[PDB]
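Engineer: This one's a deposited entry, sequence included:
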Amino acid sequence: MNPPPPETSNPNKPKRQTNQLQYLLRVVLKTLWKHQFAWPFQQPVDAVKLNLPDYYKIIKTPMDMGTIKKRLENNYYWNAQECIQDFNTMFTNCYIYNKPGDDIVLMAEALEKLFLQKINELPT
Ligand SMILES: Cc1cc(C)cc(Oc2nccc(-c3c(-c4ccc(I)cc4)ncn3[C@H]3CCN(CCN)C3)n2)c1
């Protein structure tokens, strides 16, 4: 009973390439993807396989880096702020579902720390 993944392509939306969107894919997404803690965040949470039947009762705005990767590749974002919001939704989803002190929360916290470090280098 997993939900469908978030929408990642819409051929009717307008499309543009910007230095910030390219940076978010080539640098931010790439660096986070290759991080040693990235694996639980590289795809939608599979609540069925993981036996988490309350995940999508608690998390009603799912987000993950596999979805963000597709959105960047498909020029789904017009503004860099949309992509940054998706990353933030992704981390907060982990913090909402879990509790302070859980090992999974430590992984999310490390990735978010790296994410913010790369966002500070965002080009004008
Ligand atoms: C058994 C286990 C442990 C660990 C450390 C990872 C794991 O792999 C996995 N994969 C995908 C998602 C999760 C997950 C998440 C989560 C939520 C939103 C997002 I965006 C990304 C991850 N929150 C908790 N969990 C697991 C971890 C243990 N927890 C059970 C006891 N609390 C369920 N974990 C499996």
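Structural biologist: Great, that's in hand. Residues are numbered from 1 along each chain as shown.

Engineer: So what's the residue count around the closest residue to the ligand within the chain?
Structural biologist: For the chain and the ligand, the shortest gap (Cβ to the nearest ligand atom) falls at residue 40, measuring 3.6 Å. Heads up, the C-betas are built off the backbone N, CA and C, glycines and all. The local packing of residue 40 (other Cβ atoms under 10 Å) involves 15 other residues.

Engineer: how about it, phi and psi?
Structural biologist: Backbone dihedrals for residue 40, given as degrees, to the nearest 10, come out at phi -70, psi -10.

Engineer: can you tell if the helix or strand hosting residue 112 touches the ligand?
Structural biologist: Taking DSSP states H and E as the criterion, residue 112 maps to helix 103-119. Yes - between helix 103-119 and the ligand, judged by Cβ under 6 Å from any ligand atom, the touching residues are 103, 104.

Engineer: For that helix, buried residues please.
Structural biologist: 105, 107, 108, 111, 112, 114, 115, 118, 119 (16 or more other Cβ atoms under 10 Å).

Engineer: Excluding chain neighbours, what is closest to the first one?
Structural biologist: Spatially, and ignoring its direct neighbours in sequence, residue 105 is nearest to residue 98 (5.1 Å; Cβ to Cβ, 6 or more residues apart in numbering).
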